[PDB]
């Protein structure tokens, strides 16, 4: 992270506690949806230099890390098109390229200068965090064990259990379309078992989740 000592902004060492919590999250949860807000929280206040330490401390899951790296490169390339950089005049620090934001071609002090300079500050750490989020969302989709369309209530599975599996798989899609609404509720009802579906059909148009759970308790 960053700290202020005197009238200057200087690197603050990344906590080993934070670093270890990130490493444990990956080892234990293996790209469940919670990895996305997990990274956001644990990378809060970080420079790209700090973020790369977090990512490089992951010892396994290298296919997923490579996918993340590929998404970082796409966004880095897109950045260069949206913000081409004229050659720094008079020995002044350049404007950051995509690789600079990713921390591959920039130092910690350069990153801090862009982040905390008075005129036209660029939050390169927070931009890089956004790129990694997109990569992690691809990984959640990749590691999802059961696609939403294959979530079907078992003959004797409690309705509450089926609903848990349904919304977990729906969330694992990681898209704006895969959210609770009339269209996704239609699928939920459709893929319920015959006994529960018969009960759900009697609840009218667009019943609430609470109504559905109440009505199907014990069926």
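Positions refer to the first chain, counted from 1.
Undergrad: If you average the Cα B factors in the entry, which is higher, 52-60 or 151-159?
TA: According to the entry, 151-159 carries the higher average C-alpha B-factor.
Undergrad: Between 73-81 and 134-142, point out the one with the higher average CA B-factor as the PDB entry records it.
TA: Comparing 73-81 with 134-142, the higher average CA B-factor belongs to 73-81.
Undergrad: Taking the entry's C-alpha B-factors for this chain, is residue 194 in the lowest, middle or highest third?
TA: It belongs to the highest third of the chain when residues are ordered by C-alpha B-factor.
Undergrad: Among the chain's modelled residues, which third holds the C-alpha B-factor of residue 213?
TA: Answer is lowest: the recorded C-alpha B-factor places it there.
Undergrad: Using the B-factor values recorded in the entry, state whether the Cα atom of residue 88 falls in the lowest, middle or highest third among the modelled residues of its chain.
TA: Top third by C-alpha B-factor.
Undergrad: Lowest, middle or highest third: where is residue 125 by C-alpha B factor in its chain?
TA: According to the entry, residue 125 has a C-alpha B-factor in the chain's lowest third.
Undergrad: Quick check on the deposited entry: does the C-alpha B-factor of residue 200 sit in the lowest, middle or highest third of its chain?
TA: Middle third of the chain for residue 200's C-alpha B-factor.
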